[PDB]
file entry14.tsv (TSV, C-alpha atoms)
chain	number	residue	atom	x	y	z
A	853	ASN	CA	-83.20	4.24	-2.89
A	854	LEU	CA	-83.96	7.67	-1.22
A	855	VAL	CA	-80.58	7.53	0.73
A	856	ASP	CA	-78.62	8.82	-2.33
A	857	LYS	CA	-80.71	12.09	-2.31
A	858	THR	CA	-79.86	15.13	-0.12
A	859	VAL	CA	-82.14	15.92	2.88
A	860	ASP	CA	-82.95	19.30	1.14
A	861	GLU	CA	-84.47	17.61	-1.95
A	862	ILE	CA	-86.39	15.19	0.39
A	863	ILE	CA	-87.53	18.31	2.42
A	864	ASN	CA	-88.74	20.13	-0.82
A	865	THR	CA	-90.82	17.14	-2.16
A	866	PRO	CA	-93.92	16.92	-0.01
A	867	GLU	CA	-95.27	13.91	-2.08
A	868	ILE	CA	-92.11	11.89	-1.06
A	869	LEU	CA	-92.70	12.77	2.59
A	870	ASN	CA	-96.46	11.90	2.52
A	871	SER	CA	-94.99	8.35	1.79
A	872	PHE	CA	-93.40	8.41	5.32
A	873	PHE	CA	-96.77	7.76	7.07
A	874	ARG	CA	-100.16	6.03	6.62
A	875	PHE	CA	-103.10	8.04	8.08
A	876	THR	CA	-106.52	6.67	9.23
A	877	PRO	CA	-109.09	9.42	9.42
A	878	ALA	CA	-111.50	9.53	12.39
A	879	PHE	CA	-114.16	11.17	10.09
A	880	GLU	CA	-114.47	10.96	6.27
A	881	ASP	CA	-112.16	13.33	4.31
A	882	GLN	CA	-110.23	14.44	7.47
A	883	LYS	CA	-106.73	15.30	6.16
A	884	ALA	CA	-103.16	15.19	7.43
A	885	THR	CA	-99.64	16.09	6.12
A	886	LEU	CA	-96.12	15.85	7.59
A	887	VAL	CA	-94.14	19.07	8.24
A	888	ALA	CA	-90.36	18.31	7.80
A	889	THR	CA	-87.45	19.89	9.78
A	890	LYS	CA	-83.73	19.40	8.96
A	891	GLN	CA	-81.97	17.86	12.02
A	892	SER	CA	-78.47	17.18	10.60
A	893	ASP	CA	-76.76	16.99	7.13
A	894	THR	CA	-77.81	13.25	7.14
A	895	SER	CA	-81.21	13.28	9.01
A	896	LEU	CA	-84.63	14.97	9.37
A	897	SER	CA	-87.65	14.93	11.70
A	898	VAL	CA	-91.34	14.92	10.66
A	899	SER	CA	-94.51	15.86	12.62
A	900	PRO	CA	-98.19	15.59	11.46
A	901	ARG	CA	-100.43	18.57	10.58
A	902	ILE	CA	-103.99	17.22	11.02
A	903	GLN	CA	-107.51	18.68	10.46
A	904	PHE	CA	-109.87	18.91	13.43
A	905	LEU	CA	-113.68	18.96	13.22
A	906	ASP	CA	-113.70	22.66	12.30
A	907	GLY	CA	-111.85	22.12	8.92
A	908	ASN	CA	-108.63	23.73	10.29
A	909	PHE	CA	-105.16	22.15	10.47
A	910	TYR	CA	-103.33	21.90	13.85
A	911	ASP	CA	-99.61	21.10	14.46
A	912	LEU	CA	-97.00	21.57	17.28
A	913	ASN	CA	-97.03	25.42	16.96
A	914	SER	CA	-100.83	26.00	16.82
A	915	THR	CA	-102.43	28.68	19.04
A	916	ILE	CA	-105.91	29.93	19.93
A	917	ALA	CA	-105.97	33.53	21.24
A	918	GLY	CA	-102.16	33.35	21.11
A	919	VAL	CA	-101.97	30.49	23.70
A	920	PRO	CA	-100.00	27.47	22.45
A	921	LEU	CA	-102.31	24.40	22.42
A	922	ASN	CA	-99.45	21.88	22.98
A	923	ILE	CA	-101.64	19.09	21.57
A	924	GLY	CA	-98.90	16.48	21.57
A	925	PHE	CA	-98.35	15.48	17.92
A	926	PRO	CA	-95.31	13.15	17.59
A	927	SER	CA	-91.89	13.88	16.07
A	928	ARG	CA	-90.41	10.93	14.05
A	929	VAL	CA	-86.73	10.84	12.88
A	930	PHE	CA	-85.53	9.61	9.45
A	931	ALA	CA	-81.74	9.22	8.97
A	932	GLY	CA	-78.87	7.93	6.75
A	933	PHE	CA	-78.97	10.41	3.77
A	934	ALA	CA	-75.80	11.08	1.65
A	935	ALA	CA	-74.51	13.83	-0.71
A	936	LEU	CA	-75.54	13.82	-4.45
A	937	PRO	CA	-73.05	12.49	-7.18
A	938	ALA	CA	-71.12	15.75	-8.10
A	939	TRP	CA	-67.89	13.73	-7.35
A	940	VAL	CA	-68.13	10.99	-10.10
A	941	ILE	CA	-65.77	12.52	-12.76
A	942	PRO	CA	-63.00	13.67	-10.26
A	943	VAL	CA	-63.25	10.27	-8.43
A	944	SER	CA	-63.02	7.97	-11.53
A	945	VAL	CA	-60.12	10.12	-12.85
A	946	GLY	CA	-58.42	9.70	-9.42
A	947	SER	CA	-58.88	6.00	-9.49
A	948	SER	CA	-57.49	5.78	-13.05
A	949	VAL	CA	-54.47	7.97	-12.18
A	950	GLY	CA	-53.84	5.91	-9.06
A	951	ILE	CA	-54.05	2.67	-11.07
A	952	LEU	CA	-51.63	4.20	-13.56
B	1349	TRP	CA	-79.54	-5.68	-11.47
B	1350	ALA	CA	-78.30	-2.31	-12.98
B	1351	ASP	CA	-78.25	-0.19	-9.73
B	1352	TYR	CA	-74.53	-1.08	-9.30
B	1353	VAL	CA	-72.71	1.18	-11.90
B	1354	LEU	CA	-71.54	3.84	-9.37
B	1355	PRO	CA	-70.09	1.25	-6.89
B	1356	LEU	CA	-68.53	-0.68	-9.89
B	1357	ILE	CA	-66.52	2.54	-10.59
B	1358	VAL	CA	-65.37	2.40	-6.90
B	1359	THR	CA	-64.83	-1.41	-6.66
B	1360	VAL	CA	-63.06	-2.22	-9.89
B	1361	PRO	CA	-60.16	0.17	-9.27
B	1362	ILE	CA	-59.78	-1.06	-5.71
B	1363	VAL	CA	-59.52	-4.74	-6.71
B	1364	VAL	CA	-57.09	-3.79	-9.45
B	1365	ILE	CA	-55.06	-1.92	-6.92
B	1366	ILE	CA	-55.07	-4.81	-4.46
B	1367	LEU	CA	-54.27	-7.35	-7.15
B	1368	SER	CA	-51.52	-5.08	-8.56
B	1369	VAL	CA	-49.97	-4.55	-5.11
B	1370	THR	CA	-50.05	-8.30	-4.40
B	1371	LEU	CA	-48.54	-9.04	-7.79
B	1372	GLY	CA	-45.90	-6.45	-7.03
B	1373	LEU	CA	-45.06	-7.95	-3.68
B	1374	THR	CA	-45.10	-11.53	-5.01
B	1375	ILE	CA	-42.66	-10.71	-7.75
B	1376	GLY	CA	-40.77	-8.08	-5.92
B	1377	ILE	CA	-39.98	-10.03	-2.77
B	1378	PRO	CA	-38.35	-13.03	-4.52
B	1379	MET	CA	-36.46	-10.81	-7.04
B	1380	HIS	CA	-34.66	-9.20	-4.06
B	1381	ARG	CA	-33.95	-12.63	-2.59
B	1382	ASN	CA	-32.67	-13.90	-5.98
B	1383	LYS	CA	-30.34	-11.07	-6.25
B	1384	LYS	CA	-28.95	-11.73	-2.86
B	1385	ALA	CA	-28.60	-15.44	-3.57
B	1386	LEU	CA	-26.88	-14.77	-6.84
B	1387	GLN	CA	-24.45	-12.43	-5.18
B	1388	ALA	CA	-23.78	-14.82	-2.39
B	1389	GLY	CA	-23.28	-17.64	-4.84
B	1390	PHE	CA	-20.74	-15.60	-6.81
B	1391	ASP	CA	-19.06	-14.49	-3.76
B	1392	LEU	CA	-18.71	-18.05	-2.63
B	1393	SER	CA	-17.46	-19.08	-6.14
B	1394	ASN	CA	-14.83	-16.41	-5.94
B	1395	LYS	CA	-13.76	-17.56	-2.51
B	1396	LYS	CA	-13.53	-21.18	-3.58
C	1253	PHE	CA	-84.69	33.13	-8.04
C	1254	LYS	CA	-81.59	31.29	-6.66
C	1255	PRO	CA	-78.28	33.29	-6.79
C	1256	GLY	CA	-75.34	31.92	-8.86
C	1257	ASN	CA	-73.39	30.56	-5.81
C	1258	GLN	CA	-76.43	28.31	-4.92
C	1259	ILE	CA	-76.47	26.46	-8.34
C	1260	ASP	CA	-74.99	22.91	-8.60
C	1261	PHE	CA	-74.44	23.13	-12.38
C	1262	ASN	CA	-73.96	19.36	-13.15
C	1263	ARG	CA	-77.47	18.67	-11.62
C	1264	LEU	CA	-79.09	21.15	-14.10
C	1265	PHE	CA	-76.90	20.88	-17.26
C	1266	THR	CA	-75.78	17.19	-17.70
C	1267	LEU	CA	-78.89	16.90	-19.95
C	1268	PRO	CA	-79.20	19.58	-22.74
C	1269	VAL	CA	-81.65	22.50	-22.07
C	1270	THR	CA	-83.69	21.35	-25.16
C	1271	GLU	CA	-86.33	19.37	-23.11
C	1272	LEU	CA	-86.72	21.38	-19.83
C	1273	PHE	CA	-89.92	22.91	-21.40
C	1274	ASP	CA	-92.92	21.82	-23.56
C	1275	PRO	CA	-92.20	22.76	-27.28
C	1276	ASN	CA	-95.94	23.59	-27.78
C	1277	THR	CA	-96.00	26.46	-25.16
C	1278	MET	CA	-92.40	27.15	-23.84
C	1279	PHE	CA	-93.30	26.88	-20.11
C	1280	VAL	CA	-90.65	24.95	-18.11
C	1281	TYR	CA	-91.80	21.64	-16.50
C	1282	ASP	CA	-92.80	21.72	-12.76
C	1283	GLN	CA	-89.82	19.60	-11.49
C	1284	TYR	CA	-87.32	22.41	-12.41
C	1285	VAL	CA	-89.24	25.27	-10.62
C	1286	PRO	CA	-88.06	24.56	-6.97
C	1287	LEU	CA	-84.53	23.84	-8.38
C	1288	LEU	CA	-84.43	27.49	-9.74
C	1289	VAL	CA	-86.80	29.49	-7.40
C	1290	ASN	CA	-87.06	29.78	-3.57
C	1291	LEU	CA	-90.61	29.66	-2.04
C	1292	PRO	CA	-92.02	29.84	1.57
C	1293	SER	CA	-93.18	26.90	3.76
C	1294	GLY	CA	-96.76	25.66	3.02
C	1295	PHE	CA	-96.75	27.33	-0.47
C	1296	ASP	CA	-99.03	26.04	-3.29
C	1297	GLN	CA	-96.41	24.83	-5.85
C	1298	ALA	CA	-99.02	24.75	-8.71
C	1299	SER	CA	-99.50	28.60	-8.42
C	1300	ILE	CA	-96.12	29.60	-10.07
C	1301	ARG	CA	-94.06	28.58	-13.19
C	1302	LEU	CA	-91.23	29.71	-15.52
C	1303	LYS	CA	-91.59	30.84	-19.20
C	1304	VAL	CA	-88.59	30.56	-21.58
C	1305	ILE	CA	-87.80	33.93	-23.28
C	1306	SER	CA	-84.48	33.14	-25.08
C	1307	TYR	CA	-82.00	30.17	-25.17
C	1308	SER	CA	-79.16	28.46	-27.11
C	1309	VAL	CA	-78.45	24.69	-26.83
C	1310	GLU	CA	-74.84	24.91	-28.19
C	1311	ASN	CA	-74.04	27.17	-25.16
C	1312	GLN	CA	-76.34	24.98	-22.90
C	1313	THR	CA	-77.92	28.25	-21.56
C	1314	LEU	CA	-81.55	29.08	-20.71
C	1315	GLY	CA	-83.21	32.52	-20.15
C	1316	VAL	CA	-86.55	32.72	-18.30
C	1317	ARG	CA	-89.33	34.90	-16.78
C	1318	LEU	CA	-91.61	33.84	-13.83
C	1319	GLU	CA	-95.45	34.05	-13.63
C	1320	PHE	CA	-97.61	33.64	-10.47
C	1321	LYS	CA	-101.40	33.61	-9.68
C	1322	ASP	CA	-102.63	37.08	-8.53
C	1323	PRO	CA	-104.29	36.66	-5.04
C	1324	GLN	CA	-106.91	39.30	-6.14
C	1325	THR	CA	-107.64	38.13	-9.77
C	1326	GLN	CA	-108.42	35.02	-11.93
C	1327	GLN	CA	-105.16	35.80	-13.89
C	1328	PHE	CA	-101.32	35.43	-13.74
C	1329	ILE	CA	-98.80	38.28	-13.02
C	1330	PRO	CA	-94.96	38.59	-12.99
C	1331	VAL	CA	-93.07	38.68	-9.63
C	1332	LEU	CA	-91.03	41.90	-10.04
C	1333	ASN	CA	-88.93	41.44	-6.81
C	1334	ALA	CA	-87.67	37.94	-7.87
C	1335	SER	CA	-84.07	39.09	-8.80
C	1336	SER	CA	-81.71	42.08	-9.40
C	1337	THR	CA	-82.76	41.60	-13.11
C	1338	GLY	CA	-86.45	41.82	-12.01
C	1339	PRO	CA	-88.87	38.96	-12.98
C	1340	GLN	CA	-86.26	37.68	-15.56
C	1341	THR	CA	-83.01	35.59	-15.18
C	1342	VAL	CA	-80.42	33.48	-17.14
C	1343	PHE	CA	-78.74	30.14	-16.22
C	1344	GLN	CA	-75.60	28.47	-17.73
C	1345	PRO	CA	-73.34	25.36	-17.09
C	1346	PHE	CA	-70.19	27.33	-15.93
C	1347	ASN	CA	-67.91	24.58	-17.47
C	1348	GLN	CA	-67.99	22.57	-20.78
C	1349	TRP	CA	-68.41	18.86	-19.77
C	1350	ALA	CA	-70.88	16.13	-20.95
C	1351	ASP	CA	-71.51	12.27	-20.93
C	1352	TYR	CA	-67.68	11.63	-20.73
C	1353	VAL	CA	-68.16	8.99	-17.91
C	1354	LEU	CA	-69.64	6.51	-20.49
C	1355	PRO	CA	-66.45	6.21	-22.68
C	1356	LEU	CA	-64.32	6.42	-19.44
C	1357	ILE	CA	-65.65	2.90	-18.58
C	1358	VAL	CA	-64.44	1.77	-22.07
C	1359	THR	CA	-61.12	3.72	-22.08
C	1360	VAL	CA	-59.78	3.12	-18.60
C	1361	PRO	CA	-59.79	-0.69	-18.90
C	1362	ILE	CA	-58.15	-0.51	-22.32
C	1363	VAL	CA	-55.25	1.67	-21.13
C	1364	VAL	CA	-54.85	-0.60	-18.11
C	1365	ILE	CA	-54.75	-3.55	-20.42
C	1366	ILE	CA	-52.20	-1.92	-22.72
C	1367	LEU	CA	-50.07	-0.75	-19.84
C	1368	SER	CA	-50.31	-4.20	-18.17
C	1369	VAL	CA	-49.36	-5.99	-21.40
C	1370	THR	CA	-46.39	-3.63	-21.93
C	1371	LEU	CA	-45.31	-4.08	-18.33
C	1372	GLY	CA	-45.61	-7.81	-18.85
C	1373	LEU	CA	-43.53	-7.78	-21.97
C	1374	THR	CA	-40.92	-5.43	-20.49
C	1375	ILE	CA	-40.40	-7.63	-17.48
C	1376	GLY	CA	-41.06	-10.87	-19.21
C	1377	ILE	CA	-38.66	-10.47	-22.11
C	1378	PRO	CA	-35.55	-9.72	-19.99
C	1379	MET	CA	-36.43	-12.40	-17.38
C	1380	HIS	CA	-36.16	-15.02	-20.17
C	1381	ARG	CA	-32.86	-13.50	-21.31
C	1382	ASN	CA	-31.55	-13.46	-17.73
C	1383	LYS	CA	-32.30	-17.04	-17.32
C	1384	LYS	CA	-30.49	-17.89	-20.46
C	1385	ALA	CA	-27.50	-15.76	-19.48
C	1386	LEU	CA	-27.37	-17.32	-16.06
C	1387	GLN	CA	-27.42	-20.78	-17.56
C	1388	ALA	CA	-24.81	-19.92	-20.09
C	1389	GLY	CA	-22.64	-18.39	-17.42
C	1390	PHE	CA	-22.86	-21.53	-15.30
C	1391	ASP	CA	-22.27	-23.70	-18.19
C	1392	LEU	CA	-19.18	-21.75	-19.04
C	1393	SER	CA	-18.04	-21.85	-15.36
C	1394	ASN	CA	-18.41	-25.60	-15.42
C	1395	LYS	CA	-16.42	-25.84	-18.62
C	1396	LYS	CA	-13.64	-23.64	-17.32

call {"tool": "encode", "arguments": {"input": "entry14.tsv", "output": "structure tokens"}}
result
Amino acid sequence: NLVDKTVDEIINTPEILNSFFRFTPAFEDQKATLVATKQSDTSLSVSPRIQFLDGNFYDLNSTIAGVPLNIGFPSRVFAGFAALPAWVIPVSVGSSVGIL
Amino acid sequence: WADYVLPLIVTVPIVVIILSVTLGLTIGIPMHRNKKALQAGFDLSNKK
Amino acid sequence: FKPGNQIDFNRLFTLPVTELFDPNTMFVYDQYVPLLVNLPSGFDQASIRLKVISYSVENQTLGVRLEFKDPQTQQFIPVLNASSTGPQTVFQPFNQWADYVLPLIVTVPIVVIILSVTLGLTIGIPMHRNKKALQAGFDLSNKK
């Protein structure tokens, strides 16, 4: 039932968006998170931020000595999100007035 | 169950509207025809 | 802190302000912090929270001050740049509504029922009289 939330709430709720992937570490206690990016009013994209052997996190924008690494992490799209229920009172009044 | 309260608020008025419009048309259409038949009948009575 | 044009008041104030904070210590619960304060990407959300400083439930309004971990010290500090009123702000519902949707589900069908019954009686009562008048008229025509 996440579809009834705005993309902005989903984007500011990193525990929700850790539930968008399952991660298998190559070495014990290697960690990973998804960075979210708004794509439309109804969709987002996510890309992993993953620790290497040196304890540091790398993602699409990582550099060494200022040179982009361009490692090749994926971007995955999630879509279908709607606006939150601010409309309920005006709408059920409209329906009643219409019926009347 | 119980997820459905917000769509029930959408769905109930729509069904009522559809049922009301149908009821209106079902009563309304013959009432116009009855009137015309009555008039025609009286007109014919007067002619006879 | 979020400016007043960025607040969706029904999301904050459909529940009373009475339980946004722990009564034992008057800090606001974590779920309301990102709803009231803007923070950068990758930020540690456990490092900042809001303290209640005055309120009134009959006006549904809450007044708060923010405290953040000092990067240099094992202690919390205020964030003085957080608003035009400094580290302190107030929030309010802008309009006076409540749980009125719950009786609306009782009231709407009742009015519809009353209006439907009245409509039925208003149409139904004359239709019976018309029938009788029509019959009487024909009966009289036949007699004449």

call {"tool": "closest_atom_pairs", "arguments": {"input": "entry14.tsv", "of": "chain B", "to": "chain A", "cutoff": "10 Å", "atoms": "only C-alpha atoms", "output": "CSV"}}
result
residue,atom,partner,partner_atom,distance
B:1351,CA,A:853,CA,9.5
B:1354,CA,A:940,CA,8.0
B:1357,CA,A:944,CA,6.5
B:1358,CA,A:944,CA,7.6
B:1359,CA,A:947,CA,9.9
B:1360,CA,A:947,CA,9.2
B:1361,CA,A:947,CA,6.0
B:1362,CA,A:947,CA,8.1
B:1364,CA,A:951,CA,7.3
B:1365,CA,A:951,CA,6.3
B:1368,CA,A:951,CA,8.5

call {"tool": "interface_residues", "arguments": {"input": "entry14.tsv", "of": "chain C", "to": "chain B", "cutoff": "12 Å", "atoms": "only C-alpha atoms", "output": "list in words"}}
result
residues 1353, 1354, 1356, 1357, 1358, 1360, 1361, 1364, 1365, 1368, 1371, 1372, 1375, 1376, 1379, 1382, 1383, 1386, 1389, 1390, 1393 and 1394 of chain C

call {"tool": "axis_aligned_box", "arguments": {"input": "entry14.tsv", "around": "region 1351-1369 of chain B", "padding_each_side": "8 Å", "output": "lines of an AutoDock Vina configuration file"}}
result
center_x = -64.1
center_y = -1.8
center_z = -8.2
size_x = 44.3
size_y = 27.2
size_z = 23.4

call {"tool": "residues_around", "arguments": {"input": "entry14.tsv", "residues": "region 928-935 of chain A", "least_positions_apart": "3", "cutoff": "9 Å", "atoms": "all atoms listed in the file", "output": "PyMOL selection string"}}
result
chain A and resi 854-859+872+891-899+938

call {"tool": "residues_around", "arguments": {"input": "entry14.tsv", "residues": "residue 1341 (chain C)", "least_positions_apart": "4", "cutoff": "8 Å", "atoms": "all atoms listed in the file", "output": "PyMOL selection string"}}
result
chain C and resi 1253+1315-1317+1335+1337

call {"tool": "write_last_selection", "arguments": {"input": "entry14.tsv", "atoms": "C-alpha atoms", "output": "short mmCIF file (atom, residue, chain, number, x, y, z; two decimals), in the frame of the given file"}}
result
data_model
loop_
_atom_site.label_atom_id
_atom_site.label_comp_id
_atom_site.auth_asym_id
_atom_site.auth_seq_id
_atom_site.Cartn_x
_atom_site.Cartn_y
_atom_site.Cartn_z
CA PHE C 1253 -84.69 33.13 -8.04
CA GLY C 1315 -83.21 32.52 -20.15
CA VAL C 1316 -86.55 32.72 -18.30
CA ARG C 1317 -89.33 34.90 -16.78
CA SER C 1335 -84.07 39.09 -8.80
CA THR C 1337 -82.76 41.60 -13.11
#

call {"tool": "residues_around", "arguments": {"input": "entry14.tsv", "residues": "residue 1290 (chain C)", "least_positions_apart": "2", "cutoff": "8 Å", "atoms": "only C-alpha atoms", "output": "PyMOL selection string"}}
result
chain C and resi 1253-1254+1286+1288+1292

call {"tool": "atom_distance", "arguments": {"input": "entry14.tsv", "atom1": "CA of residue 925 (chain A)", "atom2": "CA of residue 901 (chain A)"}}
result
8.2 Å

call {"tool": "atom_distance", "arguments": {"input": "entry14.tsv", "atom1": "CA of residue 1300 (chain C)", "atom2": "CA of residue 1319 (chain C)"}}
result
5.7 Å

call {"tool": "closest_residue", "arguments": {"input": "entry14.tsv", "among": "C:1391, C:1322, C:1260, C:1282", "to": "residue 1297 (chain C)", "atoms": "all atoms listed in the file"}}
result
C:1282
